[PDB]
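In what follows, a single structure is set out as structure tokens and then discussed.
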Amino acid sequence: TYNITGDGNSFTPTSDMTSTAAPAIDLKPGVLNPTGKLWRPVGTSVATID
Amino acid sequence: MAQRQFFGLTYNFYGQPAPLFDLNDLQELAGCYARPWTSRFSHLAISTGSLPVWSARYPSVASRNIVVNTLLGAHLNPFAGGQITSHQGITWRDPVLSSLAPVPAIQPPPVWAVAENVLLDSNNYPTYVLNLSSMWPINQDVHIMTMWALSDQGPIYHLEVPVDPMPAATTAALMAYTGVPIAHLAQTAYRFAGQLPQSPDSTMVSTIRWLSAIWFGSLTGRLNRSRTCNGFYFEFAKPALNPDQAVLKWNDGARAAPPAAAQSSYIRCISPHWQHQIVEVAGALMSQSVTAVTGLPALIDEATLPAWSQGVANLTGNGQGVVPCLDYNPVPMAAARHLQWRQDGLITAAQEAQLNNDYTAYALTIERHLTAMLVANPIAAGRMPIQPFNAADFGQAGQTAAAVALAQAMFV
């Protein structure tokens, strides 16, 4: 970090650079999913696929 | 004989992501060796405590014991797997498990089954059970595994004294072996038991079992020159430094009091020192052979057992044979033995008892420091060629004197 109390610092507000952050995010239920729960062939070898 | 559910227990890892060895160590093993059969291992062990048990890879005999088990433990999960796995180093030289093979070329499909801490049932795997004959020698090996692995201590050794019907044939033969240390008898025994797909012929079986008692009885104090099993005891040769080698000795003093009928114990050693005690280890290897023949009372109940080795199949229980294990610290026992000896007036404590307790104190110290110093490496590197264990484990406790007293009453 730099001493704030120095010279050279620009005050250029532009349309191009419109403030933004991440205020909130999408958390719709629908949107939560993707997707498949992970499972196993009973627990024995490659036979129990059923 | 074919004890169907021949379920065997692979070792846990000491809070490790991986089974107990690193890749290099396992390479060493598999590769520098070949056969999955204990010949190689026994070769090392046999050399009547002369050669130092230390090496870069293998700190003790017991060390090797442990990496032998872990080796087993890991590489079985391959072929004993549900639909057959095998790669990364080991792709089995034939389905019949002939030899430790470095991955056959055009053979990737059988994965390296990443298991955790898991018992397996040998007979539930169709390949395994087909080959019941060839299964037999390895089951022996298996037991050895299981019966160290069950716990976090020195080996769970089983004892048996069938009293009364004692074969005259056994007597006769056994006498001829007088002069030799337990070690070599054991070796022959294991070799035989493997070499022939195991027999119901109790001969062999009885013999080992009697032997085990006589040794144990000797080691305790109960058995000695003047109190014998008919003549039988084991003589602790060289009364100076702790190497006091138990040879089978036949001297006629008294015939000790025939117990009530069938006396059974199991011992474990709580103290890491077991490692350098070929005696202790050799009984445990004896009791394994016994197992192959016989359906021993469902294994040392979970009361003295780490959580990972609770609730195992048909092994640990609660209301069976031998609920508690008989537990000792080796250096206190020697003291115990001298006690009895003195109580009997066999000998003056004066010089005899003092001296050897002095030497075993020394031997403890040496051992303790070496085992700790060696453990330091694995207790910092990803590699483990050794028993895992804290300094507080060395403690003079662990039911040491009770064991001794039980062993004794057994002899009544």
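To be explicit about the labels: the chains of the structure tokens are called A, B, and onward in the order shown, and within each one the residues are counted from 1, while ligands get numbers from 1 in the order they are shown.
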**Q.** Proximal residues of chain B relative to chain A (only C-alpha atoms; 12 Å) as a PyMOL selection string
**A.** chain B and resi 77-85+110-111+113+124-125
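Looking only at region 71-248 of chain B, the set that DSSP places in strand (DSSP E or B) from backbone geometry is residues 90, 93, 99, 102, 120, 157, 158, 161, 162, 181, 227, 228, 229, 232, 233, 234, 235, 236, 237, 245, 246, 247 and 248 of chain B.
CA of residue 287 (chain B) is positioned 21.7 Å from CA of residue 228 (chain B).
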(Q) List the spatial neighbours of region 19-35 of chain B as JSON, numbers by chain - criterion: any atom at most 6 Å away, only C-alpha atoms, same-chain residues fewer than 6 positions off excluded. (A) {"B": [13, 70, 99, 100, 383, 384, 385]}
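Taking CA of residue 292 (chain B) and CA of residue 41 (chain B) as the two end points, the separation is 19.4 Å.
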Q) What is the distance, in Å and to one decimal place, between CA of residue 156 (chain B) and CA of residue 328 (chain B)? A) 11.2 Å
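Closest approach to residue 180 (chain B) from the set B:212, B:86, B:48, B:65 is made by B:48, with distances taken over only C-alpha atoms.
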